[PDB]
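In structure tokens, one chain follows: the form deposited in one PDB entry.
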């Protein structure tokens, strides 16, 4: 069912795989799933995300693996600019920092939409783990925001403090997770080993310490339940919120609060892989050539940000956030008689806000420091009390 990679791509994946087999052997034959993801997704040079921009796009026939809101439509960035601007104003700051900037479309769109709102930034900082997307980002910015691109900086390291607005779209979902599985007796960790034939397989091990099972005790799990823990995303949000001195941080991503994430019925968890616009469950397929994600558990994200000293600014579905922020007014700026522009825009809005598409599954959580009031983008249907 999955497309076969070309022979040159298979050679890269094979080299990654062979090194990882050797690593698992040297480790004693078992590694946590988080280390497996760390390698296949983020190995320097060889990881899926240590690579260029082809993976981002709209359709299989452009060579991409998955679509994201910035790739889908400029109306996403144009809408997001409204709460970003309000947060800059409320906090008295003048910089934006984006993590995981992809092709640069979100940055170019935010810059041009912020300018149209009368907001000039001192800096738009792009934070990626390595530098392989810098050339495509520069190209996008030159093509789509030519008179504003000069304000962009690609950081090699985070500042100790930051005053401004942080953005990350589909960044939290991409972070390594550990897998846990319910036994007859308590819970264990599901990791990765290598079978007799040299294939990657799941394999279970006990936890080293009892705190580890006790944090899962509240899950109403039957034997066989398997789900994900999200320490990496928690650590990242703490880093962001400890760095933030004044301003806000917005994370847009698919997921749920804890009571929904770890619901009795969600017994297979949320782990999914994306390859050439096919979603499937096998993270051992073509290592380095496909993504592996889990949904975001927003209660733990909330606790992470607030625990590092930030305030919760809001939490709601992407539909409510974008509607509150003015996406319907953004669409109304386009003349309905201009069919070439209007129909694709209306279609993308539908995808961004419909519960059958992105609108309910995707959520937006925000943190702040030095913001006393509420953002308009959270003024209706905020779900903070459910976290």
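For clarity, a rigid core is taken as the largest C-alpha set superposing within 1.5 Å between two forms. Residue numbers count along the first chain shown, from 1.
Missing here is the form deposited in another entry; even so, the following discussion is about that form.
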I want to make sure I read this right: if the two forms are fitted on their rigid core, which of 204, 71, 163, 170 has a C-alpha displacement of 2 angstroms or more between the shown form and the other one? 71
Outcome for the Cα pair residue 73, residue 95 in that other deposited form, compared with this form (closer or farther; change of 3 Å or more): closer
Relative to the form shown here, do the C-alpha atoms of residue 155 and residue 73 sit closer together or farther apart in that other deposited form, given a change of 3 Å or more? closer
